[PDB]
Every structure is written in structure tokens, then in C-alpha cells.
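Contents: one structure, followed by commentary.
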RNA sequence: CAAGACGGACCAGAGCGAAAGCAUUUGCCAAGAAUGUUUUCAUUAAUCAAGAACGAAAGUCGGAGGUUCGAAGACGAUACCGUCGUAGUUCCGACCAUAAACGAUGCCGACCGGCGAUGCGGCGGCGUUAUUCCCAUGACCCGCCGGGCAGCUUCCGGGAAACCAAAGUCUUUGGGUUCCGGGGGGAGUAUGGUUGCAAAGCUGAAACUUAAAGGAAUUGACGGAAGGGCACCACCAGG
């Protein structure tokens, strides 16, 4: 038998309990794995049983809850279940430019835009999902769509205006 | 040929899935990290600089070590992901996630999966300039 | 508001205010007699004293100075004046 | 959803289009 | 042009008797060809095996360093070298609204193994607390740090390597610090986190035997 | 093993300093705000020329060191990119005195709405904890005062408006005081003086030219761009 351990932060405990009934149900009716929510160590234990096949799905089961740990939506997390080749890449904002204080706060603003329109446009065009931490940016999607979204995200934080990135990323969508 | 261990117990090794921006290293060695067994790069599989760091390149790199290790007797490997570290990024790229999923398809039982990157207290100055980002 | 007898405030509002912002200012401190447990002598001690007051005959410590009110030695009995 | 969006971008829409073209005693 | 792995042979490496599980794995070393001796290449190997691989019911987030310096004819011998923490535990333990306190000592034990120790502590939110954060003031930080240094040194200086590693199995030093610092500021999760090993005396074969039994 | 660098995560509605600035532990040195005071002196005070002290980064002279980064410079691809790398980046000893050195917002003082959060000090109080702690003490809980940092809100008023609890108490115009402005260019130019090794800083016009220069919010046209729908006077397969 094999077992995986998944940490959960204290800020992620509230939506984990609120969206709990739609998390273990795909594990039991379609995946055939037993899970438990260890309150004492604040870990999610996933382990095999006598009812499991398709040993490739164990790693996918670990990547299922890890996506919800980082802040992705539930329906975006089950999108990892039914697809087979999806990867997640993360990087900090200051991994590409030293930004301090007010400049760092405006870097997050240019990624989102008014009402998240700039993020949603990149989300809709590259067919990926982007979530924003305090300084980290996590992108989930197919490998070629990651490099297209990472190129648009980096050009946003260089200071190229969101109008130019909105216009350019729709022309690149024709390939 | 192989270790003199019965079928009940398995021999454990470690691997260093060093997934940089340019290729993906799959380095399998002993528990001390002193005696090496197999080490393939992205240039072993595909003779093309386009897919030097592709998940497909790491998938073929991970499998060919897996068929190499099974006649050496080791069917259990510990996992050590690694990114570039230092000044550069910290989270490992998608090449490491591809190679982890690829070598698990060979049926070898898995050990402990954890991240080892050269985390600085703080590094020295960045390779990029004050203005310079990736692109 | 906009109509309150500023000449005759309620006494609970007075002790709440800062000691300088009262209508006529008055200190919050007081003087107190301290009975030493090891003797019967009487010593007048300022409540916010800054020096270690000693007993007149026993020469023992009575209070230890702190940031605000003085910290009396345990076992001593005190009675405020007026 | 991501998987709904991908599968919609992988398959072809079909279905609704009505084309209007064209004895006892 | 020739397969090197067919020339190689194996060794069975085992932990000392102080753990429930003694065998830890297998090591591949090149054979002796007269130019280099296989024992000399096995004299300077440092291993990294987690605590949960050594004990059944104990925790997993602690890692131990084992120095390999002796072989006895398919009987490889190991000694304690150091102890660390898993990085995934350390990142999860550092929360936001609490103060992180460091303490390090250079303690010399009774049989010459000069060790460097590191400890980390976190302030604790009370159950009825309404304030969001629980920050300890600088003098309280210095008082806890002074208490953390003096308790750890007096636990190691009067002891030899036998019962010291017995304290590290359930982290009894961390349980000592959390219990003894309740008078100053309530600590949340204090652990010794990193053990180093600087100055090694002359090596000899006597004291290794009771370590291995 | 060595060499230099720099102190992540903890790191914030935070704290200190006159500003520039300030983050590993520990010891020492001399400082400082705020609080507490039924302590001492008795107007000793506010504001500014020159002067004086300090003044990020870069830069100029002498040494020490050069890990990393890297203006110049040499190659390769195409001013964007990559490799190597001088001066510089680090320390001490002297200069230079400049920044979007920002709240684009002199300093001192009086008055004028609310709320609940934070940092320090002080006061008061039922209770929980240090395995029901054997009194005090730290850690929490509730309330109040003072001085701060910083939010949200308001027909107090103000404003060209964006907005401001000051940018309010302003045609119902006088609390004290310093600097400085007078349509846009010519122009921080010419000349003079002065300081600086130098680079340059401080002060600084006129002739002439022109009807504008500018500030605050709001959309609407706007060649078009992205989505759908219909058509054998559109196409596909064909006659």
C-alpha cells in the first residue's frame, strides 16, 4: 500500500470544510481511494485500498488536493482529474525583477486589472488557470499554454501597459 | 546480478530530478549520493534544442533509467526534486513533475517525495539587472 | 451633545479625564501611612515615590519604585490619608 | 471549467440550423 | 566499453542498536584492485535517512545524518553525524502572526564530540484571545533566548552521546523548553532543528561496539 | 577547505531617527522620545541670512579587497537577447552637496464629527492559564487616560473640481513668523561674481518672439477590433 501526505495552511481550512462534500465524492465513486482529514497534524492523508486500480491516478490524486491547497477553484481542480497531461508551474514576482514596497503592490495590480479583466482575458485565451498569492503566481495548464501565459504575465510586470498585453495576446491566440 | 535481497524486501535508492530551464536531469545514485548508477539528460533522447526541456524529453529520460534500474535490482527510489535555486527560481518546473509521473509508470514502488533546492538565507546580486526580467 | 453643563460635570466624568484636562486640575496621587510588619512605626509614603523608603528604626525596605505607583513590600498595611 | 473549456475547443459545435428549401384529389 | 556495475559488489549497511530497526539499506562500492581499497572509499560516506524509517510509531519530519566509517565483512558500521528537519515541515510551521526566536550553542560533551545546536521557537495564541497577533517584546525575546541557550547546554554538557540521542528521539529538549518558558511568554511549537558536528577526536574501535551492541 | 557578499520565510493598517536612512546572536559605550511625578528654575520662548552639522545613488583623489553584479569594451544572433569583462559595487581616510531627497502639501499655537483596530507607557477590575498553580508575577479578557503610526465614514465647512477632518474656522477677509510666485518661450542661455582638483554647484538677465501655455472630471463620434446570425443575386460537392 502507498500513502501520501498533503499539508494544509491555516488560511485554507475554511474553504476546505466548505467545499468538502465535493472533494471526497470523486475519490470514492470514480477514483476508488480512501482519504481522511487529520485534524491533529493538519494534513490530508490519501492512501490505497483493496478497491483501487490505475496506479497512475495516485499521483494525480496527490496533485488534485494540492491544487486546492494553492487556491484553485474546485471545478478547476477536477479539470486535472479528467485530463491526463496537465502541469502546474509557480514563480514569485521578484524572481524576475527586484521590486520593493509600492512597486511590488502595483505589479499584482497589473496582473489583475480592473475587476480581474486582465487575468481573466489571459485565463480565457490560453485556456489555463492563474491564481495570485501575496508574491507567488501559480499557473495550471498544458505545457505550451504555460509558456504563452508566462510570457504575458512577465510582460505585464515589466511595466508594459495592460492595453498592449490585452491586444497582443488575442493575436497570438490565432496560432 | 544485483543485490542479495529477497523478494519481500526492496532496495532503496535516491534520484536527483534536476529540472532547470534548459533540460531535465535524472540522476540515480546510492543512498550516500557517492556511487552513481544512471544519469541521462534531455540531450540523450531527442536531438533537438526545441524540446530540450519539454515534458516529453523528461518522460523519455525518466523511463530509460527505469528500464536500466530493473536489471540492477533496485525497484525502489527516493525522490529529490530540485530547481535552479540560488538567485533564480525556487519552485521546480513542469519537467520535474513530468519525470516524476513518468518513472512511476514502470511499477517501481516509491519512497519519499520531497523538495531540495539551494535555498539561500539571501543570495548575492541577480544575474538580471535592475530593469531586466526574463523577457 | 451641544448642551451640557460644563460648570457642573458628573463626578464619574471627572475621574475619567486626564488630570490636567479637568475643570480645575488635581493630582491622582496621595499620601499613605505604612505599618511595617517588623515594627510598629508609622511612615508617610508618597504613592508615586521614586526612591526606596526605609523604615526609621528597622531600616527595612517598604516600597520599591516602579514606572507608576510604588510597589509596596508584601505584608505591609497601608491607609490613605484624608 | 478548464476541462469544459478545453473540450469545447477540441470538438465541433453541431445541431441547430433549420434550412427551408423546396395527392388525394 | 565494459560494464562497470558487473565489477562492483554490494555491502549491507545497518544502523546502531539504539533504534528498533537496524538495517537501513544497501550500498554499492567498487571492488579493491590493489590501487584503491574498498574500505577507504567506504570510510567517508554520510547518509541521510529519516527518523520514521528507524522507528515505527515515531514522527517522520526529522532527518538524521549517519557517518559511515567501518566495515566488518558484509557488516557495515554507522555512527551519528547530525540531525536536521524536513523542509516541508519547516515551511508549514512558520505562520504569519507570531514571533520566531533563534538560539544556538557550541556545546562540548563529555567524550569530546563538540556539537553545534540550533533551536527555533514560536509564540502561541491563547484560546480566548481576541487580538489577531501575538508578538513577544524584545526583552521577552532575549529572556526566552537566554533560557533556551542555558537549558540546552546543561542538558548536553553533563551527558555523553548515549542518552543525548535518546533525548532526540521524542525531542525531549523541545518538551523541556516549552514547559519551562510558560512563565515568560507562552511558546507554541519549539523544536531543536539542526545539529552539527565540528571537532572529531581520535578514532578508536572500543566505544563503537556498545553503540552497535 | 578557503574567499568575499548579504541577512529570506518571521516582516505587518507595525517601530525608531532631524532628514538621508535603519533587520543574525551577544558584550560595551554615550544618547532619545513617550509615560509617571503634590521634584527643581521661573519666561528662560516661536521663526528664519550667512555660517554650522548631516545629506541616498552616482562621481573625483590615496591606500585594502575583489565572491557576485556590471556602465565602457571584445564577439555572436537580431535598439530588445546571450558569453566574457575594465572602472565601479565592499572597507578606511578626504572631497562633491545633488534626487520624483513626495504628503508633488513651511514651522509654532487655539478651536472644530463619529467609529473600532494597532504600538508604547500608566491606572482599575470580576475571571482563564504556568498539568484545577499553594499569595504575588508573566500570557490572555473588559474598561479608562496621554503621546504616536495608520484606516473607514459624515450636508462641520472648504474647493475649479479630483478631493481635503484640513487643503476647514476666507469679501462675516488681521494668532506669530520664514521662504518664494506673477502669461508661454528666449533660458538656467550670455555676462559677471563666487565655491569646487575636475565634473560642476549657488546667484543670474536683456534684446527679441507669441495669444495662448496650462489644470480638474465626464463621455460621444472615431478608419476600426472581437463575437453571433442569414443568403446558390455567398461558398463547399457538383450540373
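Could you list, in sequence order, all residues of the range B:91-127 that are within 16 Å of RNA strand F (Cβ to nearest atom) and more than 7 Å from every other protein chain (Cβ to nearest Cβ)? Walk me through it before giving the result.
Within the range B:91-127, the first condition is being within 16 Å of RNA strand F (Cβ to nearest atom), and the residues that meet it are B:91-92, B:114-127.
Selection gives B:92, B:116, B:117, B:118, B:119, B:120, B:121, B:122, B:123, B:124, B:125, B:127.
Do the conditions hold for residue E:177, that is, is it near RNA strand F (Cβ under 10 Å from one of its atoms), more than 14 Å from chain A (Cβ to nearest Cβ), buried (at least 19 other Cβ atoms within 10 Å of the Cβ) and part of a helix (DSSP H, G or I)? Break it down stepwise before answering.
Working: near RNA strand F (Cβ under 10 Å from one of its atoms): no; more than 14 Å from chain A (Cβ to nearest Cβ): yes; buried (at least 19 other Cβ atoms within 10 Å of the Cβ): yes; part of a helix (DSSP H, G or I): yes.
Here the answer is no, as residue E:177 does not meet what is asked.
Within 8 Å of RNA strand F (Cβ to nearest atom), within 14 Å of chain A (Cβ to nearest Cβ) and either touching a strand residue (DSSP E or B) at 6+ places or on another chain (Cβ under 9 Å) or under 26 Å from residue E:61 (Cα atoms) (or both): which single residue out of E:182, E:98 fits that description? Let's see the steps before the verdict.
Details: E:182 fails: within 14 Å of chain A (Cβ to nearest Cβ).
Selected residue: E:98, the only one of E:182, E:98 that is within 8 Å of RNA strand F (Cβ to nearest atom), within 14 Å of chain A (Cβ to nearest Cβ) and either touching a strand residue (DSSP E or B) at 6+ places or on another chain (Cβ under 9 Å) or under 26 Å from residue E:61 (Cα atoms) (or both).
Output the helices (runs of 4 or more DSSP H) that fall wholly within the range A:46-157 and possess 1 or more residues being within 30 Å of residue B:104 (Cα to Cα) and within 14 Å of chain B (Cβ to nearest Cβ), or say none.
Values: elements: A:57-70, A:74-82, A:102-112, A:117-126.
Ranges flagged: A:57-70, A:74-82.
Can you name every residue in the range B:90-113 that is over 12 Å from the mean Cα position of the chain (by Cα) and closer than 16 Å to residue E:87 by Cβ? Walk me through it before giving the result.
Quick first cut of the range B:90-113, residues over 12 Å from the mean Cα position of the chain (by Cα) only: B:90-91, B:104-112.
Passing the criteria: B:90, B:91, B:112.
From the list E:154, E:145, E:126, E:131, which residue is assigned to a helix (DSSP H, G or I) and near RNA strand F (Cβ under 8 Å from one of its atoms)?
Values: E:154 fails: near RNA strand F (Cβ under 8 Å from one of its atoms); E:126 fails: assigned to a helix (DSSP H, G or I); E:131 fails: assigned to a helix (DSSP H, G or I).
None of the others qualify; the one that does is E:145.
Going through the range E:1-21 one residue at a time, which ones are within 13 Å of chain B (Cβ to nearest Cβ) and surrounded by 11 or more Cβ atoms within 10 Å (Cβ to Cβ)? Full working, then the answer.
Step one: filter the range E:1-21 for residues within 13 Å of chain B (Cβ to nearest Cβ), giving E:3-15, E:21.
Listed by number, the residues that qualify are E:5, E:8, E:9, E:10, E:11, E:12, E:13, E:14, E:15, E:21.
Among (1) within 13 Å of chain E (Cβ to nearest Cβ); (2) surrounded by fewer than 16 Cβ atoms within 10 Å (Cβ to Cβ); (3) outside any loop (DSSP other than H, G, I, E, B), which single condition is residue A:15 missing?
Checking residue A:15 against (1) within 13 Å of chain E (Cβ to nearest Cβ); (2) surrounded by fewer than 16 Cβ atoms within 10 Å (Cβ to Cβ); (3) outside any loop (DSSP other than H, G, I, E, B), the one that fails is (1).
When you check residue E:29 against the structure, is it under 16 Å from residue B:13 (Cα atoms) and over 17 Å from the mean Cα position of the chain (by Cα), yes or no? Reasoning before the result, please.
On the way: under 16 Å from residue B:13 (Cα atoms): yes; over 17 Å from the mean Cα position of the chain (by Cα): yes.
Yes.
Sort out which residues of the range B:101-124 are in contact with a helix residue (DSSP H, G or I) (Cβ under 8 Å, 6 or more places away or on another chain) and farther than 20 Å from residue B:43 by Cβ, and write them in order of number.
Quick first cut of the range B:101-124, residues in contact with a helix residue (DSSP H, G or I) (Cβ under 8 Å, 6 or more places away or on another chain) only: B:101-106, B:108, B:110, B:113-116, B:119.
Answer for the range B:101-124, where residues must be in contact with a helix residue (DSSP H, G or I) (Cβ under 8 Å, 6 or more places away or on another chain) and farther than 20 Å from residue B:43 by Cβ: B:101, B:104, B:105, B:106, B:108, B:110, B:113, B:114, B:115, B:116, B:119.
What is the number of the single condition among (1) over 23 Å from residue E:50 (Cβ atoms); (2) in a strand (DSSP E or B) that residue E:118 does not meet?
Single failed check for residue E:118: (1).
Look through B:82, B:39 and report the one residue that is away from chain A (no Cβ under 13 Å), within 16 Å of RNA strand F (Cβ to nearest atom) and under 11 Å from the mean Cα position of the chain (by Cα).
Details: B:39 fails: within 16 Å of RNA strand F (Cβ to nearest atom).
Result of the check over B:82, B:39: B:82.
Would you be able to tell me the number of residues in chain D that are within 15 Å of RNA strand F (Cβ to nearest atom), part of a loop (DSSP other than H, G, I, E, B) and more than 15 Å from the chain's Cα centre (by Cα)?
Result for chain D: 3.
Is it true that residue E:83 is within 7 Å of RNA strand F (Cβ to nearest atom) and either surrounded by fewer than 19 Cβ atoms within 10 Å (Cβ to Cβ) or on the phi < 0 side of the Ramachandran plot (or both)? So that I can check it myself, show each step before the final result.
Values: within 7 Å of RNA strand F (Cβ to nearest atom): no; either surrounded by fewer than 19 Cβ atoms within 10 Å (Cβ to Cβ) or on the phi < 0 side of the Ramachandran plot (or both): yes.
Answer is no for this residue.
Can you tell me how many residues within the range A:32-45 are farther than 29 Å from residue B:8 by Cβ, more than 12 Å from chain E (Cβ to nearest Cβ) and surrounded by 11 or more Cβ atoms within 10 Å (Cβ to Cβ)?
Number of matching residues: 3.
Sort out which residues of the range A:160-175 are within 11 Å of RNA strand F (Cβ to nearest atom), under 16 Å from residue A:126 (Cβ atoms) and either surrounded by 12 or more Cβ atoms within 10 Å (Cβ to Cβ) or within 14 Å of chain B (Cβ to nearest Cβ) (or both), and write them in order of number. Break it down stepwise before answering.
As a first pass, look at the range A:160-175 and keep what is within 11 Å of RNA strand F (Cβ to nearest atom): A:160, A:166-167, A:170-171, A:173-174.
Filter once more, so that each one left must be under 16 Å from residue A:126 (Cβ atoms): A:166-167, A:170-171, A:173-174.
Of everything in the range A:160-175, those that are within 11 Å of RNA strand F (Cβ to nearest atom), under 16 Å from residue A:126 (Cβ atoms) and either surrounded by 12 or more Cβ atoms within 10 Å (Cβ to Cβ) or within 14 Å of chain B (Cβ to nearest Cβ) (or both) turn out to be A:166, A:170, A:173.
Against the condition part of a loop (DSSP other than H, G, I, E, B) and farther than 23 Å from residue D:5 by Cβ, how does residue A:28 come out, does it pass?
Values: part of a loop (DSSP other than H, G, I, E, B): no; farther than 23 Å from residue D:5 by Cβ: yes.
No: the conditions fail for residue A:28.
State all residues of the range B:1-33 that are part of a strand (DSSP E or B) and within 13 Å of chain E (Cβ to nearest Cβ); if no residue qualifies, say none.
Going through the range B:1-33, the residues part of a strand (DSSP E or B) turn out to be B:12-19, B:24-29.
Once the filter is applied, which keeps residues that are part of a strand (DSSP E or B) and within 13 Å of chain E (Cβ to nearest Cβ), the range B:1-33 yields B:12, B:13, B:14, B:16, B:28, B:29.
Could you please tell me which pairs satisfy a Cβ distance under 6 Å, a separation of 6+ or placement on different chains, a first residue in the range E:125-154 that is within 14 Å of another protein chain (Cβ to nearest Cβ), and a second residue that is near RNA strand F (Cβ under 7 Å from one of its atoms)?
Hits for this filter: E:125/E:134; E:132/E:97; E:133/E:97; E:134/E:98.
No Cβ is skipped: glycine too gets one built from the backbone with ideal geometry, and neighbour counts run over all protein chains shown. Throughout, read-outs are computed from the coordinates displayed, never taken from laboratory work.
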